[PDB]
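Asks: Structure file my_file-v1.cif (mmCIF, C-alpha atoms and all ligand atoms) right here:
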data_target
#
loop_
_atom_site.group_PDB
_atom_site.id
_atom_site.type_symbol
_atom_site.label_atom_id
_atom_site.label_comp_id
_atom_site.auth_asym_id
_atom_site.auth_seq_id
_atom_site.Cartn_x
_atom_site.Cartn_y
_atom_site.Cartn_z
ATOM 1 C CA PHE A 1 33.160 134.872 -60.131
ATOM 2 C CA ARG A 2 35.508 134.684 -63.145
ATOM 3 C CA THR A 3 35.140 132.542 -66.368
ATOM 4 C CA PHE A 4 33.188 132.755 -69.637
ATOM 5 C CA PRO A 5 32.503 133.301 -72.574
ATOM 6 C CA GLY A 6 35.026 132.764 -75.326
ATOM 7 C CA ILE A 7 37.327 132.172 -72.224
ATOM 8 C CA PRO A 8 38.887 134.367 -69.487
ATOM 9 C CA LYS A 9 41.885 136.612 -70.223
ATOM 10 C CA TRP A 10 43.313 134.304 -72.937
ATOM 11 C CA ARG A 11 42.740 134.316 -76.729
ATOM 12 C CA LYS A 12 44.004 130.689 -76.958
ATOM 13 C CA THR A 13 42.321 127.322 -76.315
ATOM 14 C CA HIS A 14 45.795 125.832 -75.813
ATOM 15 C CA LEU A 15 47.316 127.095 -72.544
ATOM 16 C CA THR A 16 50.040 126.275 -70.073
ATOM 17 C CA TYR A 17 51.080 126.246 -66.405
ATOM 18 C CA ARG A 18 54.401 126.771 -64.705
ATOM 19 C CA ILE A 19 55.651 125.420 -61.391
ATOM 20 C CA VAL A 20 57.940 128.478 -61.032
ATOM 21 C CA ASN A 21 59.617 126.534 -58.227
ATOM 22 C CA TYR A 22 58.545 122.994 -57.080
ATOM 23 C CA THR A 23 59.115 122.102 -53.387
ATOM 24 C CA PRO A 24 61.188 118.866 -53.559
ATOM 25 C CA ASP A 25 59.036 116.939 -51.046
ATOM 26 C CA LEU A 26 56.400 114.921 -52.959
ATOM 27 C CA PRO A 27 59.203 114.840 -54.682
ATOM 28 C CA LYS A 28 59.577 117.973 -56.850
ATOM 29 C CA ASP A 29 58.988 115.455 -59.617
ATOM 30 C CA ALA A 30 55.796 114.097 -57.967
ATOM 31 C CA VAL A 31 54.675 117.725 -57.251
ATOM 32 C CA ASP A 32 54.994 118.409 -60.994
ATOM 33 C CA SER A 33 52.944 115.240 -61.394
ATOM 34 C CA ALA A 34 50.449 116.431 -58.723
ATOM 35 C CA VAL A 35 49.830 119.628 -60.833
ATOM 36 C CA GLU A 36 50.339 118.161 -64.447
ATOM 37 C CA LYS A 37 47.732 115.497 -63.648
ATOM 38 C CA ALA A 38 45.139 118.081 -62.366
ATOM 39 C CA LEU A 39 45.786 120.013 -65.616
ATOM 40 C CA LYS A 40 45.329 116.934 -67.785
ATOM 41 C CA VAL A 41 41.619 116.333 -67.140
ATOM 42 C CA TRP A 42 40.949 120.049 -66.879
ATOM 43 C CA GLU A 43 41.935 119.892 -70.595
ATOM 44 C CA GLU A 44 39.543 117.009 -71.372
ATOM 45 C CA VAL A 45 36.553 119.088 -70.208
ATOM 46 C CA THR A 46 37.318 122.396 -71.987
ATOM 47 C CA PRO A 47 38.660 122.548 -75.576
ATOM 48 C CA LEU A 48 41.763 123.906 -73.931
ATOM 49 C CA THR A 49 44.930 122.010 -73.844
ATOM 50 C CA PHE A 50 47.016 122.638 -70.841
ATOM 51 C CA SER A 51 50.621 121.594 -70.443
ATOM 52 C CA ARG A 52 53.791 122.845 -68.704
ATOM 53 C CA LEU A 53 55.384 126.129 -69.801
ATOM 54 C CA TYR A 54 55.730 126.077 -73.571
ATOM 55 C CA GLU A 55 57.468 129.520 -73.249
ATOM 56 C CA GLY A 56 57.032 133.056 -71.941
ATOM 57 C CA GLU A 57 54.241 133.582 -69.463
ATOM 58 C CA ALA A 58 51.426 131.135 -68.572
ATOM 59 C CA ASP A 59 47.830 130.875 -67.315
ATOM 60 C CA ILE A 60 48.411 129.794 -63.705
ATOM 61 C CA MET A 61 51.964 129.876 -62.487
ATOM 62 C CA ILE A 62 52.731 128.572 -59.150
ATOM 63 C CA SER A 63 55.578 128.794 -56.834
ATOM 64 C CA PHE A 64 55.859 126.799 -53.660
ATOM 65 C CA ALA A 65 56.470 128.744 -50.510
ATOM 66 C CA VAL A 66 54.348 129.116 -47.564
ATOM 67 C CA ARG A 67 56.381 127.709 -44.716
ATOM 68 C CA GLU A 68 54.680 130.930 -43.383
ATOM 69 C CA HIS A 69 54.502 133.700 -45.999
ATOM 70 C CA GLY A 70 50.991 135.031 -45.112
ATOM 71 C CA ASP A 71 48.921 135.613 -48.316
ATOM 72 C CA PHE A 72 45.374 134.130 -48.274
ATOM 73 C CA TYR A 73 45.119 130.612 -46.721
ATOM 74 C CA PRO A 74 47.304 129.578 -43.808
ATOM 75 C CA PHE A 75 50.892 128.172 -44.206
ATOM 76 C CA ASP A 76 49.560 125.340 -41.964
ATOM 77 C CA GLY A 77 52.746 123.127 -42.172
ATOM 78 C CA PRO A 78 52.679 119.474 -43.234
ATOM 79 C CA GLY A 79 49.161 118.708 -43.132
ATOM 80 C CA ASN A 80 46.096 120.524 -44.108
ATOM 81 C CA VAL A 81 45.413 122.615 -47.036
ATOM 82 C CA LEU A 82 48.011 124.732 -48.471
ATOM 83 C CA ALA A 83 47.446 126.885 -51.462
ATOM 84 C CA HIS A 84 47.148 130.525 -50.694
ATOM 85 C CA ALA A 85 46.046 131.322 -54.198
ATOM 86 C CA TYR A 86 44.173 134.180 -55.828
ATOM 87 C CA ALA A 87 42.507 134.402 -59.274
ATOM 88 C CA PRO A 88 43.647 134.598 -62.993
ATOM 89 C CA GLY A 89 44.275 138.216 -63.978
ATOM 90 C CA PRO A 90 44.847 139.283 -60.233
ATOM 91 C CA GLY A 91 48.301 138.180 -58.988
ATOM 92 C CA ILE A 92 51.021 136.737 -61.198
ATOM 93 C CA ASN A 93 48.196 135.817 -63.508
ATOM 94 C CA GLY A 94 46.674 132.770 -61.947
ATOM 95 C CA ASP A 95 48.796 132.969 -58.789
ATOM 96 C CA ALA A 96 49.112 130.103 -56.315
ATOM 97 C CA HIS A 97 51.632 129.490 -53.448
ATOM 98 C CA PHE A 98 51.762 125.881 -52.096
ATOM 99 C CA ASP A 99 52.922 125.116 -48.530
ATOM 100 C CA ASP A 100 56.644 124.336 -48.995
ATOM 101 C CA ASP A 101 55.843 124.130 -45.263
ATOM 102 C CA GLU A 102 54.575 120.618 -46.123
ATOM 103 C CA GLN A 103 56.473 117.561 -46.922
ATOM 104 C CA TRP A 104 54.067 116.907 -49.855
ATOM 105 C CA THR A 105 52.574 113.551 -49.291
ATOM 106 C CA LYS A 106 49.398 111.988 -50.638
ATOM 107 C CA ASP A 107 48.775 109.865 -47.531
ATOM 108 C CA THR A 108 45.085 110.241 -48.347
ATOM 109 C CA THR A 109 46.543 113.733 -48.745
ATOM 110 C CA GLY A 110 48.105 114.975 -45.466
ATOM 111 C CA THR A 111 48.686 117.573 -48.036
ATOM 112 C CA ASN A 112 49.235 116.546 -51.740
ATOM 113 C CA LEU A 113 50.612 119.199 -54.186
ATOM 114 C CA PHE A 114 47.785 117.960 -56.534
ATOM 115 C CA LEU A 115 44.696 119.788 -55.011
ATOM 116 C CA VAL A 116 46.579 123.058 -54.322
ATOM 117 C CA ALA A 117 47.041 122.658 -58.067
ATOM 118 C CA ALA A 118 43.334 121.866 -58.744
ATOM 119 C CA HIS A 119 42.057 124.579 -56.460
ATOM 120 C CA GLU A 120 44.565 127.093 -57.984
ATOM 121 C CA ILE A 121 44.239 126.026 -61.642
ATOM 122 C CA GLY A 122 40.469 125.820 -61.498
ATOM 123 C CA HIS A 123 40.401 128.909 -59.257
ATOM 124 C CA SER A 124 42.187 131.203 -61.712
ATOM 125 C CA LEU A 125 40.291 130.595 -64.955
ATOM 126 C CA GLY A 126 36.867 130.526 -63.330
ATOM 127 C CA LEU A 127 35.845 127.032 -62.045
ATOM 128 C CA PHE A 128 36.090 129.053 -58.789
ATOM 129 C CA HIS A 129 34.035 128.156 -55.607
ATOM 130 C CA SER A 130 30.931 125.861 -55.392
ATOM 131 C CA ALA A 131 29.793 122.954 -53.150
ATOM 132 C CA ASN A 132 29.634 119.385 -54.579
ATOM 133 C CA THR A 133 31.076 115.866 -53.969
ATOM 134 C CA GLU A 134 33.802 115.503 -56.675
ATOM 135 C CA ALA A 135 34.404 119.157 -57.640
ATOM 136 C CA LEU A 136 37.573 121.127 -57.306
ATOM 137 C CA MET A 137 35.190 122.938 -54.921
ATOM 138 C CA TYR A 138 34.452 119.792 -52.816
ATOM 139 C CA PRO A 139 36.202 121.691 -50.120
ATOM 140 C CA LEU A 140 38.837 119.729 -48.310
ATOM 141 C CA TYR A 141 41.637 117.673 -49.614
ATOM 142 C CA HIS A 142 40.382 114.041 -49.356
ATOM 143 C CA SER A 143 39.606 114.263 -53.000
ATOM 144 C CA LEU A 144 38.625 112.263 -55.947
ATOM 145 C CA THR A 145 42.198 112.574 -57.169
ATOM 146 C CA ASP A 146 41.514 109.827 -59.767
ATOM 147 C CA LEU A 147 42.909 112.116 -62.512
ATOM 148 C CA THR A 148 42.287 109.749 -65.416
ATOM 149 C CA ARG A 149 38.825 111.334 -65.553
ATOM 150 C CA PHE A 150 38.780 113.391 -62.299
ATOM 151 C CA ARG A 151 35.539 115.040 -63.427
ATOM 152 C CA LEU A 152 35.858 118.585 -62.064
ATOM 153 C CA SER A 153 33.124 120.650 -60.432
ATOM 154 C CA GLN A 154 29.902 120.222 -62.402
ATOM 155 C CA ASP A 155 29.102 123.945 -61.828
ATOM 156 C CA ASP A 156 32.490 125.334 -62.181
ATOM 157 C CA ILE A 157 32.385 122.811 -65.223
ATOM 158 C CA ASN A 158 29.523 124.987 -66.527
ATOM 159 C CA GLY A 159 32.373 127.673 -66.618
ATOM 160 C CA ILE A 160 34.790 125.200 -68.312
ATOM 161 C CA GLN A 161 31.984 125.127 -70.915
ATOM 162 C CA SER A 162 33.220 128.725 -71.567
ATOM 163 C CA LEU A 163 36.928 128.013 -71.652
ATOM 164 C CA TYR A 164 35.468 125.654 -74.212
ATOM 165 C CA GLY A 165 34.385 128.787 -76.284
ATOM 166 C CA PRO A 166 35.280 127.084 -79.641
HETATM 167 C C1 LIG B 201 42.167 122.623 -52.196
HETATM 168 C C2 LIG B 201 40.826 122.566 -51.460
HETATM 169 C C3 LIG B 201 40.849 121.261 -50.683
HETATM 170 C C4 LIG B 201 40.751 123.817 -50.573
HETATM 171 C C5 LIG B 201 39.617 123.874 -49.530
HETATM 172 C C6 LIG B 201 38.322 124.552 -50.009
HETATM 173 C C7 LIG B 201 38.434 125.900 -50.721
HETATM 174 O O1 LIG B 201 38.123 125.996 -51.910
HETATM 175 N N1 LIG B 201 38.803 126.955 -49.990
HETATM 176 O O2 LIG B 201 38.911 128.037 -50.585
HETATM 177 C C8 LIG B 201 40.200 124.485 -48.259
HETATM 178 O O3 LIG B 201 40.795 125.552 -48.349
HETATM 179 N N2 LIG B 201 40.067 123.797 -47.109
HETATM 180 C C9 LIG B 201 40.710 124.187 -45.855
HETATM 181 C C10 LIG B 201 40.220 125.550 -45.319
HETATM 182 C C11 LIG B 201 41.374 126.454 -44.807
HETATM 183 C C12 LIG B 201 42.308 125.734 -43.819
HETATM 184 C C13 LIG B 201 42.221 127.147 -45.900
HETATM 185 C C14 LIG B 201 40.568 123.046 -44.832
HETATM 186 O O4 LIG B 201 39.462 122.730 -44.398
HETATM 187 N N3 LIG B 201 41.708 122.425 -44.474
HETATM 188 C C15 LIG B 201 41.824 121.288 -43.565
HETATM 189 C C16 LIG B 201 43.076 120.444 -43.913
HETATM 190 C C17 LIG B 201 42.980 118.945 -43.685
HETATM 191 C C18 LIG B 201 43.430 118.057 -44.685
HETATM 192 C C19 LIG B 201 43.368 116.670 -44.482
HETATM 193 C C20 LIG B 201 42.861 116.162 -43.275
HETATM 194 C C21 LIG B 201 42.378 117.041 -42.292
HETATM 195 C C22 LIG B 201 42.467 118.430 -42.481
HETATM 196 C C23 LIG B 201 41.866 121.815 -42.127
HETATM 197 N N4 LIG B 201 42.782 122.743 -41.834
HETATM 198 O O5 LIG B 201 41.062 121.403 -41.293
HETATM 199 CA CA CA B 202 49.294 122.756 -44.388
HETATM 200 ZN ZN ZN B 203 51.929 133.315 -50.722
HETATM 201 ZN ZN ZN B 204 38.643 128.013 -52.861
#
How does the structure come out when it is put into structure tokens?

Replies:
Amino acid sequence: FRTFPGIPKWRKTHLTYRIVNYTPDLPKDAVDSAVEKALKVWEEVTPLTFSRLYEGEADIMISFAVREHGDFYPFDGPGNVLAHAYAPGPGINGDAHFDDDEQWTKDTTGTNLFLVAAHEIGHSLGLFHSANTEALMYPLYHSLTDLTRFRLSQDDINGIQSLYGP
């Protein structure tokens, strides 16, 4: 497990993400919105303030890809999960690859570029793996994607209470 205290591998409580690429299916624009939303309430919980790439490097950068790349999770094509992501520090710091195999969709999900985002974004920092109802860890895209107040994992939130160092 990652996270805490005084935050992960960042000396800022004002971070960023970067959709390196953005597969133009949701569209690219609604894929940015799938991510950017996820981000938004992750910044209500911790003291952090996430946003898209202010400059330089980021926290969790993401590229789309996995039509069948073969990293972690499965390139399963449109439908299923999709992110074959791995941790903050390890990978292009906070690395996640989202099935460009999909045709991003939010038809309940099918696949929506939003939870690959949540799973990734929460995965990197340290709100990484649990088992609840609403959590980023509630483990199969049919989520509580009401990202107005998504209310992340309550356990992996106890790690966002670290991000929250200040
Ligand atoms: C983003 C979050 C939802 C990821 C979860 C849980 C997780 O944290 N795994 O590490 C997941 O990977 N679930 C996969 C496991 C594996 C394939 C990587 C799954 O059950 N996927 C469904 C996809 C799905 C989606 C909608 C309807 C039906 C089925 C499946 N392959 O049966
Ligand atoms: Ca898939
Ligand atoms: Zn990959
Ligand atoms: Zn996971």

Asks: With distances taken over only C-alpha atoms and all ligand atoms, which residue among A:150, A:128, A:50, A:104 lies nearest ligand ZN 204 (chain B)?

Replies: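 Of all the options, A:128 lies closest to ligand ZN 204 (chain B).
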
Asks: Kindly resolve the PyMOL selection byres (((chain A and resi 86) around 7) and not hetatm) on the present coordinates and return the residues as a ChimeraX atom specification.

Replies: /A:84-85,87,90-91,94-96,124

Asks: Using the chain letters and residue numbers of this document, give as a PyMOL selection string the residues selected by the PyMOL selection byres (((not hetatm)) within 8 of (chain B and resi 204)).

Replies: chain A and resi 119-120+123+128-129+137+139

Asks: Go through A:66, A:61, A:15, A:136 one by one, measure the shortest atom-to-atom distance of each to residue A:102 using only C-alpha atoms, and give the residue with the smallest value.

Replies: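 Smallest distance to residue A:102 is found for A:66.
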
Asks: Check every protein, DNA and RNA residue against ligand LIG 201 (chain B), keep those with an atom at most 9 Å away (counting all atoms listed in the file), and present them as a ChimeraX atom specification.

Replies: /A:72-76,79-85,108-111,114-120,123,128-131,136-143

Asks: Which residue is closest to residue A:69? Choose from A:97, A:89, A:10, A:49 and count only C-alpha atoms.

Replies: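 Nearest candidate to residue A:69 out of A:97, A:89, A:10, A:49: A:97.
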